[PDB]
RNA sequence: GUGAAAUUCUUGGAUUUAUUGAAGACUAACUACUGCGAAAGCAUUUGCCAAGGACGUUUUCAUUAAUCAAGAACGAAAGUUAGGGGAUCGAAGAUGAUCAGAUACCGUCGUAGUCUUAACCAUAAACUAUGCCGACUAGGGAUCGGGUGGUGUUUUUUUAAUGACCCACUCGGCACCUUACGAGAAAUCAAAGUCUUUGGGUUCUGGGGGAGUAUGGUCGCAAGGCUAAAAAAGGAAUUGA
RNA sequence: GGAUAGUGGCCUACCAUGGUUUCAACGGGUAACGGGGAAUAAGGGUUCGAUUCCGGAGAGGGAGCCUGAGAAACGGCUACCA
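Residue numbers (the deposited numbering), protein chains in the order written: chain CL, 2 to 50; chain DX, 2 to 144.
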């Protein structure tokens, strides 16, 4: 027998930066200024709805 | 040299580098964009209101089994039906049809000998009053 | 000419022999765990043109440096455009034999290409599968280039070169052999090491396989628009009844 | 020069072509009022701060003014929109 090792070639897409920029707009840019405040108001508002 | 710069005037390069890689972290992105409550079991809320469609497993024989405890409710902000546990076949008598239950999570730590997988919600209140109060006979279910 | 034959071309004598002539490629053996170059790459001779490493130097300027997006140069082979010749080999293609076995699946001819000029294209298992600069940390011999010293043999002597081998030291290479008081998952590593948890300078980058599923997240691709058919022992059989 | 209580492209003339930025200008997002402060971990940091004090802004939303030492006041007035 022969045991020819095979090789990995390259990647296609696993990067968080391009996963962000892959939209037509910038998901990094469209953000908020107080994420904890947003989280607790989202909790309370969902409960009231 | 561990890749990073170390000079005493390099705080600008250090800060911008850390900003980019913070954005590339996973949970930071969810927390800043507001999608953790889009990954939550039924959206952001703690409990979730529903309409009782049918009491499943009524035609089972052996009492107090999990397929007898189960119901099928449809959540009202989605029109989406899903099952729900109800402890105590007495409380199954309390929930009948067109009832507006308030489901919550299940939050089990271990399974049981006859449990159904994937039934992740339980019933907390029915028609405005609590199932435990109705079971303990503190209150009365108002039609 | 294959494993086997057959298309093919041979009395206007093929294959072969001799004497040549032309053509375009190519540069065998000599060929090395040798050399040069930033890499891809580079082998006939001689001449010209510039360039470069290393050595040697009681020469010279005196921080002129290191790492670095943008951009630039170069980038094997194939490939494109427009010219050149076109011997050899030859994706496509045309054919012969389709013979059991593929153990031992080809043969003949040949377009493009191969080669060369001018422009594009800019990719490879383009590999020491390992950012760069600096420093330190084991021994052993080699081999190439330069230099210093000594010792002889080969050498030659008022002629134009005084080189070759030996040994010791020495820089600078291509590498190799033993091992680590080190590192590690282990193979292994003189770096993938620099005393338990960490600072010599600096650019880039990150937060396994198949499967099953949903897609508004997206790019692409379709067809036809006169046209039709209605149960069998009523067996088998040189083997039967 | 006008205007203002007063400086000032604040505004009007006439003039020069300047000003900011890879040390990130400009423009975008902000469930952005700023601060004293609140929570947490060993340090470093990170997250909250509409909310007893301080400052700014607003009175359904554009705009405008009267009185007055003090207001572009809204428990003052005028016109528009809702």
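Quick reminder that beta carbons are idealized off the backbone N, C-alpha and C, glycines included.
*Mind checking residue 72(DX): buried by the 16 CB within 10 Å criterion, or exposed?*
Taking the first residue of the second chain as 1, we reach residue 72(DX) at position 71. Residue 72(DX) is classed as buried because its beta carbon has at least 16 other beta carbons within 10 Å across all chains shown.
*If contact means a Cβ-Cβ distance below 8 Å, which residues of the stretch 10-44 of chain DX contact chain CL?*
In summary, the residues of the stretch 10-44 of chain DX whose CB is separated from some CB of chain CL by less than 8 Å are 21, 24, 25, 26, 27, 30, 32, 33, 34, 35, 37, 38 and 44, in the order they occur in the chain.
*Can you say whether residue 85(DX) is buried or exposed, counting buried as having 16 or more other CB atoms within 10 angstroms of its CB?*
If you number the second chain from 1, residue 85(DX) lands on position 84. Its Cβ being crowded by 16 or more others within 10 Å, residue 85(DX) is buried.
*If you run the structure through DSSP and keep just helix, strand and coil, what is residue 41(CL)?*
Numbered from its first residue, the first chain carries residue 41(CL) at position 40. Three-state result, residue 41(CL): helix.
*In whole angstroms, what separates the C-alpha of residue 100(DX) from that of residue 127(DX)?*
For the purposes of this step, residue 100(DX) is taken as the residue at position 99 of the second chain. For the purposes of this step, residue 127(DX) is taken as the residue at position 126 of the second chain. Using only the alpha carbons, I get a separation of about 6 Å.
*asked:* Assuming residue 140(DX) and residue 130(DX) are in contact, meaning their beta carbons sit under 8 Å apart, how far apart are those beta carbons, in whole angstroms?
replied: Residue mapping note: residue 140(DX) aligns to position 139 of the second chain, counting from 1. Residue mapping note: residue 130(DX) aligns to position 129 of the second chain, counting from 1. With a Cβ gap of about 5 Å, residue 140(DX) and residue 130(DX) count as contacting.
*How many Å lie between residue 12(DX) and residue 6(DX) at the Cα?*
The residue labelled residue 12(DX) in the question sits at position 11 within the second chain. The residue labelled residue 6(DX) in the question sits at position 5 within the second chain. It is roughly 9 Å from the alpha-carbon of residue 12(DX) to the alpha-carbon of residue 6(DX).
*Sub-7 Å separation of residue 105(DX) and residue 76(DX) beta-carbons*: Counting from 1 along the second chain, the entry for residue 105(DX) is found at position 104. Counting from 1 along the second chain, the entry for residue 76(DX) is found at position 75. Pairing residue 105(DX) with residue 76(DX) gives a Cβ-Cβ distance that is not under 7 Å.
*Taking only runs of the beta strand (DSSP E) that begin and end inside the stretch 81-131 of chain DX, which ones reach a length of at least 3 residues, in chain order?*
The stretch 81-131 of chain DX contains, as complete beta strand (DSSP E) runs of 3+ residues, the segments 81-85, 102-106 and 122-127 (chain order).
*For residue 83(DX), which of 89(DX), 64(DX) and 53(DX) has the nearest alpha-carbon?*
For the purposes of this step, residue 83(DX) is taken as the residue at position 82 of the second chain. When each option's Cα is compared against that of residue 83(DX), the closest is 53(DX).
*With distances taken from CA atoms, which of 30(DX), 96(DX), 17(DX) and 35(DX) is nearest residue 57(DX)?*
The residue you call residue 57(DX) lines up with position 56 of the second chain. With distances taken between Cα atoms, residue 57(DX) lies closest to 96(DX).
*How big is the Cα-Cα spacing for residue 3(DX) and residue 17(CL)?*
Position 2 of the second chain, counting from 1, holds the residue named residue 3(DX). Position 16 of the first chain, counting from 1, holds the residue named residue 17(CL). Taking the straight line joining both Cα atoms gives about 23 Å.
*asked:* Run through chain CL and tell me which residues come within less than 8 Å of residue 131(DX), C-beta to C-beta.
replied: Within the second chain, numbered from 1, the residue matching residue 131(DX) stands at position 130. Chain order gives no chain CL residues near residue 131(DX), where near means a beta carbon separation below 8 Å; the closest approach is about 17 Å.
_Tell me the DSSP secondary structure of residue 49(CL) in three-state form._
In the first chain, the residue the question calls residue 49(CL) occupies position 48. In this structure, DSSP gives residue 49(CL) a helical state, which the three-state scheme calls helix.
*Going along chain DX, which residues have a C-beta under 8 Å from residue 18(CL)?*
In the first chain, the residue the question calls residue 18(CL) occupies position 17. Ordered by position in chain DX, the residues that pass the 8 Å Cβ test against residue 18(CL) are 21, 24 and 25.
_Per the DSSP calculation, residue 76(DX) is bridged to which residue(s)?_
Taking the first residue of the second chain as 1, we reach residue 76(DX) at position 75. Its beta-bridge partners are 51(DX) and 81(DX).
_Under DSSP, the alpha helix (DSSP H) around residue 22(DX) begins and ends at which residues?_
As a position in the second chain, residue 22(DX) is number 21, starting the count at 1. Per DSSP, residue 22(DX) is one residue of the alpha helix (DSSP H) stretching across 12-25.
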